[PDB]
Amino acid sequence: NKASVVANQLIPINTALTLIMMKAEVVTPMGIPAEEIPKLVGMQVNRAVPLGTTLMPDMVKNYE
């Protein structure tokens, strides 16, 4: 089990992701793989993402 993107602070609804917002941790269930962090920068979340929440594909606008 590989590391996922996890929120490093509360990320408000509709906020564009920045690097300070995204830590990487081995969690279950699996979220977006950690290697995607630099590619996620600039993309908005479609809901608030509390600190410690695993970031999932469905939470990111325009993510495939």
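Sequential numbering from 1, following the sequence displayed.
Compared with the other modelled residues of the chain, the Cα B-factor recorded for residue 52 ranks in the lowest third.
In the PDB entry, residue 38 places in the highest third of its chain by CA B-factor. Ranked within its chain, residue 11 lands in the lowest third, by CA B factor from the PDB record. Sort the modelled residues of the chain by CA B factor and residue 24 lands in the highest third.
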